[PDB]
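Read through the structure below, which is laid out as structure tokens, and then see the notes.
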Amino acid sequence: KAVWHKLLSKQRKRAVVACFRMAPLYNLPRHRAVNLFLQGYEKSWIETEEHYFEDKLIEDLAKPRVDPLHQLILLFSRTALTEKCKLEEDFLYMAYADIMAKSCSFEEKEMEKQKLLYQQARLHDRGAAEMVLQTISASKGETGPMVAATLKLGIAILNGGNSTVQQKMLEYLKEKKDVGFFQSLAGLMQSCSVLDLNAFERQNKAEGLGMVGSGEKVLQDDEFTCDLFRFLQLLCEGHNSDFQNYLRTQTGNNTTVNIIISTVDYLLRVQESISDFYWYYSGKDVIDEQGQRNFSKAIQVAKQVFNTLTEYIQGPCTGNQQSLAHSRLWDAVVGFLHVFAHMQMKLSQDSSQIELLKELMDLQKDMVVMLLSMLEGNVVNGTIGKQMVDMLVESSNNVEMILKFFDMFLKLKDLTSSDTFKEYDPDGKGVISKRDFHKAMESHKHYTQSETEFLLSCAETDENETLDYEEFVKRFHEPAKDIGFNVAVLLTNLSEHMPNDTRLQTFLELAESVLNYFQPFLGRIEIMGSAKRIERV
Amino acid sequence: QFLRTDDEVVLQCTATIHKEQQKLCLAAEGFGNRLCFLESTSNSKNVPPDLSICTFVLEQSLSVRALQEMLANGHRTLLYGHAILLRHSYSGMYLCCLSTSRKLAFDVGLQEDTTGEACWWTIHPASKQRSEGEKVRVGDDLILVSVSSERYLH
Amino acid sequence: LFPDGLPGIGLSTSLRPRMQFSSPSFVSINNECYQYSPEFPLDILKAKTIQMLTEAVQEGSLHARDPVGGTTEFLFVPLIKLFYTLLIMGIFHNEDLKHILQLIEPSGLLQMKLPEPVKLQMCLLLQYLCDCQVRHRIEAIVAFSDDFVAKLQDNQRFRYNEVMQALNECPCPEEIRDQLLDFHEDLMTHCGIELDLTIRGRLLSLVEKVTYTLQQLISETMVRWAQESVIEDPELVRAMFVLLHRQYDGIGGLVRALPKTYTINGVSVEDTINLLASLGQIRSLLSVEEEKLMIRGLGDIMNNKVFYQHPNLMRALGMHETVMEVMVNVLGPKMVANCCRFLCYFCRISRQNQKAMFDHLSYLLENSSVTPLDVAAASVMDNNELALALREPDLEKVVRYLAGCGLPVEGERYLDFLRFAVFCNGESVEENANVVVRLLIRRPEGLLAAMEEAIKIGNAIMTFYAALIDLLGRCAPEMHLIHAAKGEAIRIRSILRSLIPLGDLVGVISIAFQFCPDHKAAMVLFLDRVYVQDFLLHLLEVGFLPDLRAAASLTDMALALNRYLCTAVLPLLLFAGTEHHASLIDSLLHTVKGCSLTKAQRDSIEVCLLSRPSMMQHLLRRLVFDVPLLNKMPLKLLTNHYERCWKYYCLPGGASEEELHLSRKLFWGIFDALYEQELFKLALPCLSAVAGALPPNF
Amino acid sequence: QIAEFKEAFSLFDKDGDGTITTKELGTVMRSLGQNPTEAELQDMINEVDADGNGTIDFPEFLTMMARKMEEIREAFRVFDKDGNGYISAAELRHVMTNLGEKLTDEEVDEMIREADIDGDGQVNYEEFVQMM
Ligand SMILES: [Ca+2]
Ligand SMILES: [Ca+2]
Ligand SMILES: [Ca+2]
Ligand SMILES: [Ca+2]
């Protein structure tokens with residue numbers, strides 16, 4: 001009756017809105033249809049590979065008089081040394097630079113190593129990298145595509161951590177000192193990035209209402225910044241100690257802009273952005289792919305900038321860590337831990353977040369490797385070591401969180417094959433039980449059941465509630481354990497090295513289980529690492 | 001050196017009125033006063049001002065994250081870019097905006113409860129030299145805005 | 001593209017506009033030749049050029065100590081460019097070129113060593129050669145395109161029914177939704193399917209057909225001189241690497257070339273040309289009373305009907321930007337607003353046209369006149385995405401302009417722009433509504449007392465604050481419990497009233513009687529969207545008294561009538577309830593525009609439900625003072641709707657029900673006086689119902 | 001043909017003027033299940049809007065509706081399942097889930113029965129006109 005009137009009204013409604021656009025389909029216009037077909041063929045088909053030719057063309061260019069490739073390099077250099085009070089487009093740079101940058105299990109690895117070195121010669125023997133350096137000094141703060149081309153070329157030169165290029169570039173700085181160069185470095189560092197989530201809400205609300213070329217939000221080409229920092233890193237990998245001290249000190253010019261503290265508070269700003277991204281995402285517990293992807297991007301940024309940080313201090317040239325003793329790094333690390341603890345819980349839930357969890361734990365790993373590299377110049381009671389103590393002090397609660405967090409899958413790795421955990425419900429197939437598994441783990445004199453409930457977050461959640469006694473378990477088994485080994489190395493080095501720190505005694509016993517877990521796996525020696533000390537390692 | 005929670009401090013202005021740098025400090029009474037007022041500290045040599053109605057306890061000082069949590073229901077350092085919970089030390093009450101006018105500004109005085117935006121005052125250093133994201137030190141300049149009325153501590 | 005190649009193209013179906021030179025007229029055509037040039041007998045000289053060069057090469061074949069101006073560079077450079085210019089203007093039909101190319105081919109000229117600047121000339125020639133070749137490569141794909149979508153549209157959309165008519169096609173869950181998308185999106189996966197119907201093999205051949213003599217040697221020519229002859233004049237050296245890169249990426253040239261092309265039918269081709277001729281005419285006058293010639297051409301572009309039909313082309317021209325920098329080149333004087341007037345017209349013709357103009361307010365906001373700010377507001381006029389797309393710090397510069405307003409007139413246009421900036425759809429965007437108050441924390445502008453002080457003591461500061469009262473109520477939090485069940489918009493809701501009292505009756509009732517046709521409504525939304533029936537009477541007859549009867553008194557008040565037909569429809573939700581009916585029925589007597597009166601007619605029967613229910617049946621006899629006069633046709637549509645009102649208020653009815661039956665007998669008498677008659681055929685039942693359940697220029 | 005489109009028009013001529021504003025379109029589509037944008041909803045209109053009054057007039061609506069397909073017979077064909085002379089009770093309650101509307105057991109059992117004047121326990125081919 002009335003429901004029949006409802007069905008016919010919705011029927012004629014669906015028929016009318018079907019008549020609005022179903023059969024309208026490229027329908028009338030020959031010219032417009034042809035045109036749009038052209039646009040699609042443009043957007044699809046052109047877009048292919050021919051691109052094996054360029055290195056060959058380089059080899060053609062590397063031919064005899066002056067080599068014509070060298071003529072071209074000379075052109076771009078003289079282009080750079082023109083004083084145009086700003087920098088411009090020059091697309092042929094934007095062709096040829098990345099043409100060259102295109103042009104870059106043991107024995108074959110050495111062979112291709114040498115072939116790469118031959119390529120790097122084949123450019124930079126013609127004085128290639130100096131104009132890269134010139135152009136980078138040349139713009140000041142401007143972040144044009146020109147700059148991206150230069151950075152791509154500079155990394156493509158310095159890919160293997162080639163020492164030769166580092167020598168050349170230092171000597172270039174020596175004779176023709178450019179305060180404007182590091183000035184330009186600071187300015188290019190300066191604005192350069194941050195994810196700004198109000199714009200994310202703008203576009204996400206827009207995805208509420210606009211159904212649309214997005215993705216421009218993510219730190220306004222984060223990627224370029226990653227390239228810059230990787231360029232800084234591959235500037236000083238190989239412990240170019242002179243270059244590390246120069247980047248601190250920059251002495252030959254008038255002035256000095258220590259770029260170290262510059263990148264310190266840069267990544268501090270990055271930390272701020274991601275921590276407020278948590279204070280946003282503290283409550284909503286489900287993230288779709290957009291925020292996840294922006295996370296992953298920023299994650300790679302953090303990883304890169306930590307690698308730069310290590311490579312400043314990795315050769316333990318003291319002035320880096322002396323400056324960084326008075327850096328504002330420490331609290332940003334503290335907030336990082338504050339991120340990590342709360343993040344790891346809600347990441348450790350479902351099928352989705354596990355990849356991003358790997359991201360966080362891996363950045364977590366080499367993050368602590370950074371302060372391991374910081375650590376290595378200690379004496380008896382580390383002043384710097386005490387700074388590590390004090391910054392550990394304020395980061396207590398989250399440290400309890402993460403140690404419990406490691407203890408979860410650690411004791412998983414313990415019980416995971418005992419027959420009072422394996423032959424408990426079945427013989428064994430992987431499919432075991434929920435509650436017999438649950439009371440197995442619980443009956444091991446082991447868990448407050450909160451840990452089981454977190455383990456019963458999902459653990460299979462597929463029709464049967466028997467888990468996979470290996471797969472979920474191997475997802476937990478290794479993939480959070482290296483980091484615990486690292487921090488174990490860390491805190492043992494602190495406590496062993498600097499003794500008599502009462503709170504540190506509390507901290508160390510406070511998850512002593514993982515330490516004694518890792519006692520089968522650490523290794524220590526003692527040597528004289530060229531400071532003529534017994535420097536244990 | 002710096003400032004964390006639960007430490008004791010006053011505010012003060014030095015209002016240069018009639019070209020006299022009048023070191024007037026804040027003063028709210030309570031127990032029959034629902035308003036703040038001023039208190040001169042310049043003539044300390046002959047008129048010692050009272051301190052008790054001028055001391056104020058830093059109970060808490062978080063950002064927008066924690067704030068939203070409290071509204072949606074021992075040494076934390078105090079940061080440019082925080083709004084804090086501030087108690088009057090003596091009365092125990094909680095300083096806040098008051099929703100009357102006596103011009104079109106809003107009145108200033110104590111209250112009990114920590115609910116609502118009124119007991120929150122965001123910190124901004126009034127210099128480019130200082131900035132948001134670091135601790136407040138001994139004797140810094142600062143600008144406090146309400147969170148209910150979002151007007152200035154004027 | 002190919003006989004189973006040589007750049008002697010015969011067809012050349014491009015456009016490349018026409019060259020009809022003025023005769024050297026030495027009569028009164030002085031500023032009427034005025035278009036081209038003096039002209040001359042061309043093709044004598046084209047004989048000479050071949051006569052010259054082929055001799056001159058053979059004269060330079062010995063490379064004697066002879067040469068004419070002393071050097072070869074004295075010889076050749078004024079020749080080749082002169083030829084190359086003459087090459088440009090579309091002469092030398094291919095058999096001319098066939099000899100000419102075989103000078104250049106022999107396959108000699110390139111086989112000679114040559115000095116420095118000649119190959120700086122010569123490289124441009126072969127550069128020019130690739131372009132028409134690329135055009136020839138471009139024009140070739142046009143022919144592939146035409147039949148193929150004609151093969152394709154005749155394939156799928158016909159069969160698209162034949163899947164859906166096999167399915168039904170009133171159901172459309174997924175299979176119709178598979179081919180229900182955007183037109184480009186319909187073309188998107190249609191083409192991209194072949195990237196992973198056998199007819200895609202034609203495409204598959206075509207890409208491989210358009211993959212690929214000269215491309216070999218052009219590279220080989222450079223690396224002669226690149227090797228041997230270590231070169232000065234780097235711009236020459238610059239120019240060579242273009243071509244090499246143009247050689248080894250011939251493909252990327254096609255990429256950029258692709259969004260230049262266009263296809264049309266044969267009729268439209270004239271309105272291209274004259275427009276195209278007058279197009280580059282504007283591009284010509286870029287290099288400079290220095291505006292007057294432009295202004296006539298601007299409207300001709302407007303006067304094209306082939307101006308809306310291919311709108312992305314004009315966007316693909318980017319010809320707006322050619323206006324834009326010219327206006328920037330002005331801004332370093334009277335004819336300025338024409339281009340403005342073109343521009344705000346221009347972007348408005350489509351959403352995507354508004355899109356490309358969005359980037360340029362960033363400049364244009366800095367450029368107040370007294371208009372360009374109209375154009376600045378033009379590309380943000382409506383579009384909801386664009387409301388999200390914009391940024392905040394620009395708006396500070398807008399209110400910096402408002403910050404200096406400490407007197408004035410001139411702030412009044414930013415607000416109108418900002419009123420576009422925050423509402424744009426009938427829909428107040430809260431992000432923009434968030435940010436607008438924050439500056440006003442640090443920027444003020446008994447000010448509201450001064451409004452009636454302006455009623456005596458130039459009309460502007462009335463209107464100037466009247467924009468301010470529009471935008472604030474425009475930046476309401478929301479329209480619902482959306483505003484209520486929320487967070488901290490409530491905090492601005494206090495700020496919405498910590499700043500403003502009621503107060504406004506300085507304008508509310510006062511300007512409702514005497515500016516008056518608009519600015520009363522400038523108040524109305526603010527009290528509506530920010531601030532049950534106590535305020536009815538507190539504001540009753542406020543304008544509604546003097547409005548309702550003055551219909552024959554046209555004429556700004558008769559202009560003002562629909563300007564407040566919005567107003568009484570807004571509150572559509574105890575003595576003076578008849579006084580509202582006094583204000584109601586007289587306008588109903590005035591309505592015994594009209595569609596806006598039909599909007600106000602919607603305010604009639606909705607009052608009948610809220611209608612002390614005794615005052616409704618009594619005042620309906622005033623309708624019965626006209627209901628026998630029904631059969632005023634608008635009055636005949638009104639009381640017939642009001643006949644159901646006593647059919648509504650009958651439950652409280654069960655003094656005037658006696659003659660109402662006589663009026664029902666007069667309703668039978670109007671039925672004794674006679675579709676449109678069905679307006680009473682339902683109303684007689686309400687006339688039966690008013691008798692039934694109630695019994696349960698004057 | 002003629003009135004069956006005007007009934008389809010006046011179903012969507014909500015304001016009742018012969019013209020369809022773009023707000024009228026998404027008003028139905030947000031009661032039909034969708035939630036389209038006005039910058040899309042205008043684009044449903046403007047290609048149909050060849051007369052260019054801003055709205056959609058019925059003679060442009062009429063010829064637009066003419067090339068798709070009575071509406072009644074397929075509407076009964078959504079109702080009728082196999083062709084056994086009647087629509088069974090579980091058959092009719094399976095019709096409603098294709099337009100997405102849900103139901104309980106009680107509501108339509110009386111709606112069959114308030115249409116079941118003859119009393120055969122089903123809805124035959126006859127009762128599509130007794131209820132309509
Ligand atoms: Ca309409
Ligand atoms: Ca129409
Ligand atoms: Ca049956
Ligand atoms: Ca039946």
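Naming scheme: A, B, ... for chains in displayed order of the structure tokens; residues 1 onward per chain; ligands 1 onward as shown.
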
For this session: May I ask you to write as a PyMOL selection string all residues lying at most 6 Å from ligand 2, with only C-alpha atoms and all ligand atoms counted?
Result: chain D and resi 49+51-53+55-57

For this session: Find the residues of chain A in contact range of chain D, meaning any atom within 10 Å when counting only C-alpha atoms, and list them as a list in words.
Result: residues 1, 2, 3, 4, 5, 6, 7, 8, 9, 10, 11, 12, 13, 14, 15, 16, 17, 18, 19, 20, 21, 22, 23, 24, 208, 209, 210 and 211 of chain A

Can you write out the residues you just picked, keeping C-alpha atoms, as an mmCIF file, in the first residue's frame?
data_model
loop_
_atom_site.group_PDB
_atom_site.id
_atom_site.type_symbol
_atom_site.label_atom_id
_atom_site.label_comp_id
_atom_site.auth_asym_id
_atom_site.auth_seq_id
_atom_site.Cartn_x
_atom_site.Cartn_y
_atom_site.Cartn_z
ATOM 1 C CA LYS A 1 0.000 0.000 0.000
ATOM 2 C CA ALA A 2 1.960 2.970 1.321
ATOM 3 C CA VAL A 3 5.193 1.021 0.882
ATOM 4 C CA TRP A 4 4.180 0.464 -2.753
ATOM 5 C CA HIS A 5 3.878 4.243 -3.188
ATOM 6 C CA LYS A 6 7.313 4.613 -1.586
ATOM 7 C CA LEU A 7 8.823 2.031 -3.948
ATOM 8 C CA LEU A 8 7.255 3.595 -7.053
ATOM 9 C CA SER A 9 8.351 7.095 -6.007
ATOM 10 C CA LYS A 10 11.926 5.881 -5.510
ATOM 11 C CA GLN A 11 11.631 3.890 -8.751
ATOM 12 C CA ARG A 12 10.663 6.904 -10.836
ATOM 13 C CA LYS A 13 13.226 8.952 -8.917
ATOM 14 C CA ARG A 14 16.004 6.505 -9.815
ATOM 15 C CA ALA A 15 14.753 6.365 -13.413
ATOM 16 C CA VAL A 16 14.782 10.166 -13.735
ATOM 17 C CA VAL A 17 18.256 10.634 -12.258
ATOM 18 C CA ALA A 18 19.347 7.769 -14.504
ATOM 19 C CA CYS A 19 17.949 9.755 -17.419
ATOM 20 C CA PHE A 20 19.979 12.753 -16.268
ATOM 21 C CA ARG A 21 23.358 11.181 -17.048
ATOM 22 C CA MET A 22 23.582 7.567 -18.046
ATOM 23 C CA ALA A 23 23.214 7.614 -21.874
ATOM 24 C CA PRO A 24 24.901 11.038 -22.078
ATOM 25 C CA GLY A 208 33.801 15.367 2.127
ATOM 26 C CA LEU A 209 32.536 17.783 -0.477
ATOM 27 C CA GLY A 210 34.577 18.035 -3.689
ATOM 28 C CA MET A 211 35.452 14.492 -4.823
#

Near chain A, 10 Å: chain B residue rows, closest pairs, only C-alpha atoms, as CSV:
residue,atom,partner,partner_atom,distance
B:63,CA,A:279,CA,9.2
B:64,CA,A:279,CA,7.6
B:65,CA,A:279,CA,4.8
B:66,CA,A:279,CA,8.0
B:68,CA,A:279,CA,9.0
B:69,CA,A:283,CA,9.1
B:74,CA,A:394,CA,9.8
B:75,CA,A:394,CA,8.7
B:76,CA,A:394,CA,8.8
B:133,CA,A:272,CA,8.3
B:134,CA,A:328,CA,8.6

Residue selection dump (N, CA, C and O atoms) as a compact mmCIF listing (two decimals), in the first residue's frame:
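Saved the output as again-v2.txt:
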# COMPACT_ATOMS: atom_id res chain seq x y z
N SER B 63 49.51 21.98 26.33
CA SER B 63 49.18 22.59 25.05
C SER B 63 47.71 22.41 24.71
O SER B 63 46.85 22.41 25.59
N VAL B 64 47.42 22.26 23.42
CA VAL B 64 46.05 22.07 22.96
C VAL B 64 45.62 20.61 23.06
O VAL B 64 44.43 20.31 23.18
N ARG B 65 46.60 19.71 23.01
CA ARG B 65 46.33 18.28 23.10
C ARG B 65 45.68 17.92 24.43
O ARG B 65 44.55 17.42 24.47
N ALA B 66 46.39 18.19 25.52
CA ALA B 66 45.89 17.89 26.86
C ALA B 66 44.63 18.70 27.16
O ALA B 66 43.68 18.19 27.76
N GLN B 68 42.24 19.80 25.17
CA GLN B 68 41.08 19.20 24.52
C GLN B 68 40.62 17.95 25.27
O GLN B 68 39.43 17.64 25.32
N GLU B 69 41.58 17.23 25.85
CA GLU B 69 41.28 16.01 26.60
C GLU B 69 40.48 16.32 27.86
O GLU B 69 39.46 15.69 28.13
N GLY B 74 56.42 15.86 38.41
CA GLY B 74 55.97 16.98 39.21
C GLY B 74 56.53 18.28 38.69
O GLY B 74 56.26 19.35 39.22
N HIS B 75 57.34 18.19 37.65
CA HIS B 75 57.88 19.38 37.00
C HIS B 75 57.67 19.25 35.51
O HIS B 75 58.58 18.92 34.76
N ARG B 76 56.46 19.57 35.07
CA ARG B 76 56.23 19.79 33.65
C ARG B 76 56.71 21.19 33.34
O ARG B 76 56.34 22.14 34.04
N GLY B 133 57.95 27.22 21.92
CA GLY B 133 58.53 25.91 21.85
C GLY B 133 59.67 25.67 22.80
O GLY B 133 60.38 24.68 22.64
N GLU B 134 59.87 26.54 23.77
CA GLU B 134 60.95 26.38 24.72
C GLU B 134 60.48 26.89 26.07
O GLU B 134 59.38 27.44 26.20

For this session: Residues up to 9 Å from ligand 1, counting only C-alpha atoms and all ligand atoms: could you list those as a VMD selection string?
Result: chain D and resid 13 to 24 54 to 57

Would you mind exporting the chosen residues as an mmCIF file, in the first residue's frame, restricted to N, CA and C atoms?
data_model
loop_
_atom_site.group_PDB
_atom_site.id
_atom_site.type_symbol
_atom_site.label_atom_id
_atom_site.label_comp_id
_atom_site.auth_asym_id
_atom_site.auth_seq_id
_atom_site.Cartn_x
_atom_site.Cartn_y
_atom_site.Cartn_z
ATOM 1 N N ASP D 13 9.655 18.380 -10.484
ATOM 2 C CA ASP D 13 9.293 19.791 -10.445
ATOM 3 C C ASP D 13 8.709 20.057 -9.066
ATOM 4 N N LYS D 14 9.610 20.131 -8.086
ATOM 5 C CA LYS D 14 9.195 20.292 -6.698
ATOM 6 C C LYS D 14 8.625 21.680 -6.465
ATOM 7 N N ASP D 15 9.283 22.704 -7.014
ATOM 8 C CA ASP D 15 8.783 24.061 -6.855
ATOM 9 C C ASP D 15 7.559 24.325 -7.721
ATOM 10 N N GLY D 16 7.313 23.496 -8.737
ATOM 11 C CA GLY D 16 6.096 23.593 -9.522
ATOM 12 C C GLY D 16 6.016 24.852 -10.357
ATOM 13 N N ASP D 17 6.942 24.997 -11.297
ATOM 14 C CA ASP D 17 7.000 26.167 -12.154
ATOM 15 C C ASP D 17 7.305 25.816 -13.599
ATOM 16 N N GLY D 18 7.537 24.541 -13.903
ATOM 17 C CA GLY D 18 8.017 24.132 -15.202
ATOM 18 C C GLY D 18 9.513 24.214 -15.372
ATOM 19 N N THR D 19 10.237 24.717 -14.372
ATOM 20 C CA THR D 19 11.685 24.848 -14.430
ATOM 21 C C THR D 19 12.312 24.142 -13.237
ATOM 22 N N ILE D 20 13.457 23.510 -13.468
ATOM 23 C CA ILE D 20 14.152 22.746 -12.442
ATOM 24 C C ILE D 20 15.413 23.502 -12.063
ATOM 25 N N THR D 21 15.427 24.080 -10.869
ATOM 26 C CA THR D 21 16.668 24.666 -10.405
ATOM 27 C C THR D 21 17.640 23.572 -9.986
ATOM 28 N N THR D 22 18.910 23.953 -9.882
ATOM 29 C CA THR D 22 19.941 22.989 -9.526
ATOM 30 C C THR D 22 19.866 22.578 -8.064
ATOM 31 N N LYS D 23 19.189 23.360 -7.218
ATOM 32 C CA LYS D 23 18.968 22.913 -5.851
ATOM 33 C C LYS D 23 17.928 21.804 -5.800
ATOM 34 N N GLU D 24 16.975 21.815 -6.736
ATOM 35 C CA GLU D 24 15.973 20.756 -6.811
ATOM 36 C C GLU D 24 16.593 19.402 -7.119
ATOM 37 N N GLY D 54 18.961 28.917 -17.419
ATOM 38 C CA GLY D 54 19.503 28.560 -16.131
ATOM 39 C C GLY D 54 18.960 27.273 -15.556
ATOM 40 N N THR D 55 17.744 26.902 -15.903
ATOM 41 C CA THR D 55 17.048 25.778 -15.317
ATOM 42 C C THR D 55 16.758 24.758 -16.405
ATOM 43 N N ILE D 56 15.905 23.796 -16.083
ATOM 44 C CA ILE D 56 15.531 22.740 -17.008
ATOM 45 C C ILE D 56 14.036 22.835 -17.246
ATOM 46 N N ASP D 57 13.659 23.176 -18.468
ATOM 47 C CA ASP D 57 12.259 23.192 -18.847
ATOM 48 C C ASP D 57 11.830 21.808 -19.320
#

Surrounding residues of residue 228 (chain C) excluding itself and chain neighbours under 5 positions, 8 Å, only C-alpha atoms, as a short mmCIF file (atom, residue, chain, number, x, y, z; two decimals) with C-alpha atoms, in the first residue's frame:
data_model
loop_
_atom_site.label_atom_id
_atom_site.label_comp_id
_atom_site.auth_asym_id
_atom_site.auth_seq_id
_atom_site.Cartn_x
_atom_site.Cartn_y
_atom_site.Cartn_z
CA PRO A 64 87.95 14.40 -28.64
CA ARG A 65 91.05 20.39 -28.28
CA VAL A 66 88.50 20.42 -25.45
#

For this session: Please provide the set of residues having any atom within 10 Å of residue 221 (chain C), restricted to only C-alpha atoms, with same-chain residues fewer than 4 positions apart removed, written as a count of residues only.
Result: 9

Exercise. Which chains and residue numbers are within 8 Å of ligand 4, counting only C-alpha atoms and all ligand atoms, if I want them as a ChimeraX atom specification?
Worked result: /D:86-88,116,118-127

Take the residues that were just selected and, keeping N, CA, C and O atoms, output them as a CSV table (one decimal), in the first residue's frame.
chain,number,residue,atom,x,y,z
D,86,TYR,N,1.1,-14.0,-9.9
D,86,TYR,CA,1.0,-13.3,-8.7
D,86,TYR,C,2.4,-12.8,-8.2
D,86,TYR,O,3.4,-13.3,-8.8
D,87,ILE,N,2.5,-12.0,-7.3
D,87,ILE,CA,3.7,-11.6,-6.6
D,87,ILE,C,3.6,-12.3,-5.2
D,87,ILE,O,2.7,-11.9,-4.4
D,88,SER,N,4.5,-13.2,-4.9
D,88,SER,CA,4.4,-13.9,-3.6
D,88,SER,C,4.9,-12.9,-2.5
D,88,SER,O,5.4,-11.9,-2.8
D,116,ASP,N,-4.9,-6.7,-0.6
D,116,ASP,CA,-5.5,-8.0,-0.9
D,116,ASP,C,-7.0,-7.9,-0.6
D,116,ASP,O,-7.5,-8.4,0.4
D,118,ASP,N,-9.3,-9.3,-2.9
D,118,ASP,CA,-9.8,-10.6,-3.2
D,118,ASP,C,-9.4,-11.7,-2.2
D,118,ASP,O,-10.1,-12.7,-2.0
D,119,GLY,N,-8.2,-11.5,-1.6
D,119,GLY,CA,-7.8,-12.5,-0.6
D,119,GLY,C,-7.3,-13.8,-1.2
D,119,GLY,O,-7.9,-14.8,-1.1
D,120,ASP,N,-6.1,-13.7,-1.9
D,120,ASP,CA,-5.4,-14.8,-2.4
D,120,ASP,C,-4.1,-15.0,-1.8
D,120,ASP,O,-3.3,-15.9,-2.2
D,121,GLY,N,-3.7,-14.2,-0.8
D,121,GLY,CA,-2.5,-14.3,-0.1
D,121,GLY,C,-1.3,-13.8,-0.8
D,121,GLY,O,-0.1,-13.9,-0.3
D,122,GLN,N,-1.5,-13.2,-2.0
D,122,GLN,CA,-0.4,-12.7,-2.8
D,122,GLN,C,-0.9,-11.4,-3.4
D,122,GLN,O,-2.0,-10.9,-3.1
D,123,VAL,N,0.0,-10.8,-4.2
D,123,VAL,CA,-0.4,-9.6,-5.0
D,123,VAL,C,-0.4,-10.0,-6.5
D,123,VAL,O,0.7,-10.3,-7.0
D,124,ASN,N,-1.5,-10.0,-7.1
D,124,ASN,CA,-1.6,-10.5,-8.5
D,124,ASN,C,-1.2,-9.4,-9.5
D,124,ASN,O,-0.7,-8.3,-9.1
D,125,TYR,N,-1.4,-9.6,-10.8
D,125,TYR,CA,-1.2,-8.6,-11.7
D,125,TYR,C,-2.3,-7.6,-11.7
D,125,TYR,O,-2.1,-6.4,-12.1
D,126,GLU,N,-3.5,-7.9,-11.1
D,126,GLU,CA,-4.6,-7.0,-11.1
D,126,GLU,C,-4.4,-5.9,-10.1
D,126,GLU,O,-4.7,-4.7,-10.3
D,127,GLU,N,-3.8,-6.2,-8.9
D,127,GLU,CA,-3.7,-5.3,-7.8
D,127,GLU,C,-2.7,-4.1,-8.0
D,127,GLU,O,-2.5,-3.4,-7.0

For this session: Write out as number ranges by chain all residues of region 82-128 of chain D that backbone DSSP assigns to strand (DSSP E).
Result: D: 86-87, 123-124

For this session: For residue 73 (chain A), list every protein, DNA or RNA residue within 12 Å, evaluated using only C-alpha atoms, and leave out those in the same chain fewer than 6 positions away; present the list as a PyMOL selection string.
Result: (chain A and resi 61-62+66-67+79-80+92-93+96-97+100+123-132+134) or (chain C and resi 234+237-238+241)

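From CA of residue 264 (chain A) back to CA of residue 319 (chain A), the distance works out to 14.7 Å.
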
Exercise. Leaving out region 352-361 of chain C and any residue of its chain fewer than 5 positions from it, which residues lie within 12 Å of it when counting only C-alpha atoms, given as a ChimeraX atom specification?
Worked result: /C:308,310-321,323-325,328,343-347,366-368,372-387,389-391,394-395,397-398,417 /D:39

Problem set entry | Residues within 12 Å of residue 36 (chain B), only C-alpha atoms, excluding chain neighbours under 5 positions, as a list in words | residues 25, 26, 27, 28, 29, 30, 53, 54, 88, 93, 94, 95, 96, 97, 98, 106, 107, 108, 109, 110, 111, 153 and 154 of chain B

Problem set entry | Backbone DSSP call of alpha helix (DSSP H) for region 452-683 of chain C, listed as a PyMOL selection string | chain C and resi 452-453+460-474+481-484+489-498+516-530+534-538+544-547+556-559+577-590+594-610+614-624+633-648+650-653+657-671+678-681+683

Produce a table with one row for each residue of chain C that has an atom at most 10 Å from any atom of chain D, each row naming the nearest atom pair and its distance in Å at one decimal; use only C-alpha atoms; arrange rows by chain and rising residue number; format as a Markdown table.
| residue | atom | partner | partner_atom | distance |
| --- | --- | --- | --- | --- |
| C:161 | CA | D:68 | CA | 8.8 |
| C:165 | CA | D:69 | CA | 8.6 |
| C:168 | CA | D:74 | CA | 8.1 |
| C:169 | CA | D:68 | CA | 7.4 |
| C:170 | CA | D:74 | CA | 8.5 |
| C:171 | CA | D:98 | CA | 8.6 |
| C:173 | CA | D:98 | CA | 9.1 |
| C:182 | CA | D:40 | CA | 9.7 |
| C:351 | CA | D:39 | CA | 8.1 |
| C:382 | CA | D:39 | CA | 9.7 |
| C:383 | CA | D:39 | CA | 7.5 |
| C:384 | CA | D:39 | CA | 8.0 |
| C:385 | CA | D:39 | CA | 9.0 |
| C:425 | CA | D:38 | CA | 9.2 |
